[PDB]
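Colleague: Quick one: the structure is below, and I'll ask about it shortly.
Protein chains: 2
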Amino acid sequence: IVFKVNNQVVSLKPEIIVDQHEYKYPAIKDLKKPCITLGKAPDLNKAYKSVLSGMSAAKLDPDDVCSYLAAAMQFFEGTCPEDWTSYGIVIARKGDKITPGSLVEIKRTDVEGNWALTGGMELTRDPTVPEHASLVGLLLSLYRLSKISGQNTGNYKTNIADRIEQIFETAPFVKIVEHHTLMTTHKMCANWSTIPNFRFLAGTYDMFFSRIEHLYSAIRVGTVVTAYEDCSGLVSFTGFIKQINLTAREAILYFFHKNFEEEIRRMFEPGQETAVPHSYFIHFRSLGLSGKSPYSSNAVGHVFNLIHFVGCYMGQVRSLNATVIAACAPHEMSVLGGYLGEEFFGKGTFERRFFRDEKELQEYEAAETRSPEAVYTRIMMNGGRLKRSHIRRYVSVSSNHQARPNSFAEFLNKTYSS
Amino acid sequence: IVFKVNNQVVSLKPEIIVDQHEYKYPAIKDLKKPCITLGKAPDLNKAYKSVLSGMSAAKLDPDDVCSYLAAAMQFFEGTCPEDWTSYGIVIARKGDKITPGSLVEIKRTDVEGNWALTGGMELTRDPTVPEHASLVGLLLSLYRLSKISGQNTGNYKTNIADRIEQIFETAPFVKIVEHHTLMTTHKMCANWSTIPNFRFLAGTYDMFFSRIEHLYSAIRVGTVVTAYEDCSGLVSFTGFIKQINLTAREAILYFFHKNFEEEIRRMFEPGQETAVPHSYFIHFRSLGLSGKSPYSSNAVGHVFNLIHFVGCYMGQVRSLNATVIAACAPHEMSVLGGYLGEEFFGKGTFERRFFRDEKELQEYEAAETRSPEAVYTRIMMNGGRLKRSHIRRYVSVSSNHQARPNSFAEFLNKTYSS
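Here's what the structure looks like:
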């Protein structure tokens, strides 16, 4: 490991660079439901009144909003269709009625909440359950709005806010926040995604409504972002598998580089309920046991870059607009992506599977090539160098598409200009 | 220094030239936290009103601002995720709530600050913590604006300032300076970066926010520049290793020149926590424990030139816009960079790594080449001279780029243009 130079005698200097990598995996070994600390429980009706005026008033109170959401969890409840097996916890069983309050553990402190209201609320009567659901959904949409941000997002950040208001102004929800109050409140509260309790609650809501069909399931429009949070690498891989029409296993066979080993191991920890249809895993980054996600595009950077380099070769716009992981050797990944993309672009593996009669099937059963080995030898024949055609294709895809600043398209344009 | 000149009779004269630097390193043997000397403790809210008025009035006193920032450090607290030790053991332990004041030692004298209310702006009540956070962030951001001075950077300074302002005008921060105040104070506070106490505090804030997540973590946007300050050489090297997909040791093997020796020793001196994730080293220049950085692009001039010259050949925009160190033999660096980039552009080292069966793995084990020796011989064969292809690539990259004043792109264009 030490590498040596001589000045007058031999020096043998060691090379030290920082490359720390610590990733926590999501699993419940203690059998404990995720826990957050909250304020004093308010009167449901009084809480609804305070938050409605505060929202109309463009006044943001973190403690009040989260406490209100926890109280509202009692309103939304449904019986569980089937027995629910998670990370050793089975809070839901078939024929058992469940609520958001039962799925997670919330710690309530008797410390009084401020429940202060700037004003703008004229309602003199106790709120109905739908009014409660309409307000609950709007806050969760504030969270999704915070995640948006970006640049050149004009007439897009406004659009998503408009969609949210439209859902909660129509049945089963009732319009309580006039128009454009949600957009302007977001301008006042654009960084609310940072708050942990707000994020945790959105994740709890999304998990319950995804599991149980509900009258107010449309509130999920705000909480949809919580699903597969900070897991784009795992999500990109699953999509890559489907777009390429391969099995996860065969797909990994094409990964002809040493760097993939660490990432493949990282994203496939033993167990982890990745395969489980409904599990804590989908919302692990929200809720608890998050840590830093080992599934993020950065954690699995080489696989991510290869997937989207392949995607650009195939003209997938999603890959064209994805932001490249600059650290994880994008140049080598683009070369492998060129060979993989050429193999998979415009080619399919077809076999007769439908026959008129059983005897015809038997005859077909008694009776250039797509394989990892074939691709590898092809790469070796060219000395591990891109073919000129790969370069042309890459250049043609990047030049016609509009390139975002840190996108794969921009990298392809800058890297190959001829 | 041997030399012979011939007049009517032969005469000998020696030559004389001068060059020498110190390059003191950051590690501290006394294990004493960095110390800054400031004035008498500020009057809480009174220091806040004076500096905020000064902001709207674009008149600020450096000593007072520093005392206010030191006092505001107590406001920001977070629990420490992991036990923390840098150089001599840091007091911070896992699960311990800490302040920025705990990271550096702050020394106060009997002399009191002017805390004058220069601006006509008035606040009826004592300020809330968010207001304090909003002011602390806006004050710190002047440091970043002070650093980004140069030719043609006007529209860009305003864009970063607008991003700064919108962060601190929206939650969890509150708008206290309206708009364009930040730019006008920067006009009068352009050289605030030179002020030692101001730099010391910014670095302390950045160290605290990097380790501990906080609601007001957005304050880091001003102090991000403090991290790895004046260590661009080392930063360029570590990226070069990752982009090129080399083990760092292997990368140094490719540096085929006598000049690299001094620089390689300079940047890899042991005993400096170049190997620790959250050490004082990352903010060493900002903090007191520093000298001229032996890690600066100038201190490691040849390595820096070689890295970005290879980067330019591979189309790395960062390298295209980096400013070349003219003293450190750029032409020779470009030639070597040309060969190295030729080796690394468009080529990858690919090997089958994933198999369905262990037997399959063993069979693949039973079964133009990238090596330092091959590259050195190739250079030797062409007599240490750039190939025509090297020149074409260099010109193609440089010409199809908006060459900056003293950038590598400019050096390439001026040097090889026919």
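In the order they appear, the protein sequences are chains A and B. Terminal number for the first sequence in the numbering used here: 926, no gaps in between. Terminal number for the second sequence in the numbering used here: 926, no gaps in between. All C-beta atoms, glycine included, are put in the ideal place defined by N, C-alpha and C.
If you measure from the beta carbon of B:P680 to each beta carbon in chain A, is any gap under 8 Å?
Modeller: Residue 680 of chain B sits at position 172 when you count from the first residue of the second sequence. So yes, B:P680 belongs to the interface.
Colleague: Considering only the alpha carbon of each residue, which of A:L568, A:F583 and A:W592 lies closest to A:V784?
Modeller: Numbered from 1 along the first sequence, position 276 holds the residue referred to as residue 784 of chain A. For A:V784, the nearest C-alpha among the options comes from A:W592.
Colleague: Put B:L577 into one of helix, strand or coil per three-state DSSP.
Modeller: What you label residue 577 of chain B is simply residue 69 of the second sequence in a count that begins at 1. Helix, per DSSP.
Colleague: Measure the CB-CB distance between B:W700 and B:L631 and report whether it falls below 8 Å.
Modeller: Here residue 700 of chain B refers to the residue found at position 192 when the second sequence is read from its first residue. Here residue 631 of chain B refers to the residue found at position 123 when the second sequence is read from its first residue. Cβ distance not < 8 Å, so B:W700 and B:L631 don't count as in contact.
Colleague: I want to see whether chain C comes within less than 8 Å of A:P778, judged by CB atoms only; does it?
Modeller: Annotation note: the requested chain C is absent from the structure, which comprises protein chains A and B.
Colleague: Here's the rule: buried if 16 or more other CB atoms are within 10 angstroms of the residue's CB, otherwise exposed. What is A:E523?
Modeller: Taking the first sequence and counting its residues from 1, one reaches residue 523 of chain A at position 15. That one is buried.
Colleague: Does the Cβ-Cβ distance between A:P534 and A:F792 come in under 8 Å?
Modeller: As a first step, residue 534 of chain A must be located in the first sequence, where it is residue number 26. As a first step, residue 792 of chain A must be located in the first sequence, where it is residue number 284. Their beta carbons are under 8 Å apart, which means A:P534 touches A:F792 by this criterion.
Colleague: For a minimum of 4 consecutive residues, which ranges assigned as the alpha helix (DSSP H) are wholly contained in the region 863 to 901 of chain B?
Modeller: Runs of the alpha helix (DSSP H) inside the region 863 to 901 of chain B: 866 to 874 and 880 to 889.
Colleague: For a cutoff of 8 Å on Cβ pairs, would you count B:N921 as touching chain A?
Modeller: Taking the second sequence and counting its residues from 1, the one referred to as residue 921 of chain B is at position 413. Chain A places no beta carbon closer than 8 Å to that of B:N921, leaving this residue out of the contacts.
Colleague: Leaving out the 5 sequence neighbours to the left and right, which residues in its chain are closer than 8 Å to B:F511 when beta-carbon positions are compared?
Modeller: Here the question's residue 511 of chain B lines up with position 3 in the second sequence. Taken in chain order, the residues that qualify are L520, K521, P522 and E523.
Colleague: Scan the region 805 to 866 of chain A and note each continuous alpha helix (DSSP H) run of 4 residues or more that stays entirely inside, going in chain order.
Modeller: Listed in chain order, the alpha helix (DSSP H) runs fully inside the region 805 to 866 of chain A are 809 to 821, 825 to 829 and 838 to 852, counting runs of at least 4 residues.
Colleague: Do you know offhand how far A:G627's Cα is from A:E530's?
Modeller: As a first step, residue 627 of chain A must be located in the first sequence, where it is residue number 119. As a first step, residue 530 of chain A must be located in the first sequence, where it is residue number 22. So the two alpha carbons sit approximately 47 Å from each other.
Colleague: Please confirm whether A:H765 has its beta-carbon closer than 8 Å to some beta-carbon of chain B.
Modeller: Against the first sequence, residue 765 of chain A aligns to sequence position 257. For A:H765, the nearest CB of chain B lies under 8 Å from its own CB, placing it at the interface with that chain.
Colleague: For A:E677, collect the residues of the same chain with a Cβ closer than 6 Å to its Cβ; drop the 5 residues on either side in sequence, then sort them by chain order.
Modeller: Taking the first residue of the first sequence as 1, we reach residue 677 of chain A at position 169. The residues are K683.
Colleague: Work out the CA separation of B:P570 and B:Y803 for me, nearest whole Å.
Modeller: As a working note, residue 803 of chain B is residue 295 in the second sequence. As a working note, residue 570 of chain B is residue 62 in the second sequence. Looking at the two C-alpha atoms, the distance is approximately 29 Å.
Colleague: Please decide whether A:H839 counts as near chain B, where near means a Cβ-Cβ distance under 8 Å.
Modeller: The residue you call residue 839 of chain A lines up with position 331 of the first sequence. Yes, because at least one Cβ of chain B sits closer than 8 Å to the Cβ of A:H839.
Colleague: In the DSSP assignment, find the alpha helix (DSSP H) that holds A:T692 and state where it starts and stops.
Modeller: Taking the first residue of the first sequence as 1, we reach residue 692 of chain A at position 184. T689 to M696 is the span of the alpha helix (DSSP H), which, as asked, contains A:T692.
Colleague: Show which residues of chain A have a CB atom less than 9 Å away from the CB atom of B:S926.
Modeller: In the second sequence, the residue the question calls residue 926 of chain B occupies position 418. Within 9 Å Cβ-Cβ: nothing; B:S926 doesn't reach chain A, min ~18 Å.
Colleague: Who are the Cβ neighbours of A:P638 in its own chain at under 7 Å, not counting the five residues just before and after it?
Modeller: In the first sequence, the residue the question calls residue 638 of chain A occupies position 130. Apart from the 5 residues on each side of it in sequence, A:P638 sits with its Cβ closer than 7 Å to the Cβ of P680, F681 and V682 in its chain, given in chain order.
Colleague: Which same chain residues end up closer than 7 Å to A:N914 when comparing Cβ atoms and leaving out the 5 residues on each side of it in sequence?
Modeller: By one-based count along the first sequence, residue 914 of chain A stands at place 406. So the list reads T831 and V832, once near-sequence residues are dropped.
Colleague: Buried or exposed, going by whether 16 or more other CB atoms sit within 10 Å of the CB of A:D714?
Modeller: Residue mapping note: residue 714 of chain A aligns to position 206 of the first sequence, counting from 1. It counts as buried.
Colleague: Run through DSSP, which three-state label would B:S519 get?
Modeller: Numbered from 1 along the second sequence, position 11 holds the residue referred to as residue 519 of chain B. In the displayed model, B:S519 falls within a strand according to three-state DSSP.
Colleague: Name the two residues that bound the continuous beta strand (DSSP E) containing A:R601.
Modeller: Along the first sequence, read from residue 1 onward, the residue named residue 601 of chain A stands at position 93. Careful: A:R601 lies outside any beta strand (DSSP E) and carries neither H nor E.
Colleague: Counting Cβ pairs closer than 8 Å, one from the region 882 to 894 of chain B and one from the region 847 to 862 of chain B, do we hit at least three?
Modeller: yes
Colleague: So if I threshold CB-CB distances at 7 Å, which residues from the region 820 to 834 of chain B count as touching chain A?
Modeller: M822, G823 and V825
Colleague: Run the CB neighbour count on B:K557, radius 10 Å, all protein chains shown included, and call it buried at 16 or more, exposed below.
Modeller: For this step, residue 557 of chain B is matched to residue 49 along the second sequence. Result: buried.
Colleague: In this structure, does DSSP put B:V732 in helix, strand or coil?
Modeller: Here residue 732 of chain B corresponds to residue number 224 of the second sequence, with the count starting at 1. Looking at B:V732 - three-state DSSP - the assignment turns out to be helix.
Colleague: Step through the CB atoms of chain B and report whether any lies within less than 8 Å of the CB of A:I656.
Modeller: Walking along the first sequence from the start, residue 656 of chain A turns up at place 148. It does not: the Cβ of A:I656 has no partner Cβ on chain B nearer than 8 Å.
Colleague: Rounded to whole angstroms, how far is the Cβ of B:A641 from the Cβ of B:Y762, which I believe are closer than 8 Å?
Modeller: Residue mapping note: residue 641 of chain B aligns to position 133 of the second sequence, counting from 1. Residue mapping note: residue 762 of chain B aligns to position 254 of the second sequence, counting from 1. Not a contact, Cβ separation roughly 48 Å.
Colleague: Taking C-beta pairs closer than 8 Å, name the residues in chain A that B:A756 reaches, listed in chain order.
Modeller: Against the second sequence, residue 756 of chain B aligns to sequence position 248. Here the neighbours are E523 and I525.
Colleague: Just mark B:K541 as buried or exposed, buried being the case when its beta carbon has 16 or more other beta carbons within 10 Å.
Modeller: Taking the first residue of the second sequence as 1, we reach residue 541 of chain B at position 33. Answer is buried; the Cβ neighbour count reaches 16.
Colleague: How about A:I887: is its C-beta nearer than 8 Å to some C-beta of chain B?
Modeller: Taking the first sequence and counting its residues from 1, the one referred to as residue 887 of chain A is at position 379. Judged by the 8 Å Cβ criterion, A:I887 is in contact with chain B.
Colleague: What does residue 927 of chain B reach in chain A if we use C-beta pairs closer than 8 Å?
Modeller: Outside the shown range of chain B, which is 509 to 926, sits residue 927 of chain B, and nothing can be said about it.
Colleague: Touching or not, the region 687 to 703 of chain A and the region 663 to 678 of chain B, by the rule of three or more beta carbon pairs under 8 Å?
Modeller: yes
Colleague: Within 8 Å (strictly less), CB to CB, does A:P880 reach chain B?
Modeller: Along the first sequence, read from residue 1 onward, the residue named residue 880 of chain A stands at position 372. Judged by the 8 Å Cβ criterion, A:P880 is in contact with chain B.
Colleague: What are the residues of the region 777 to 802 of chain B that lie near chain A, defined by any Cβ-Cβ distance shorter than 8 Å?
Modeller: Against chain A - using a Cβ distance shorter than 8 Å - the residues of the region 777 to 802 of chain B are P778, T782, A783, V784 and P785.
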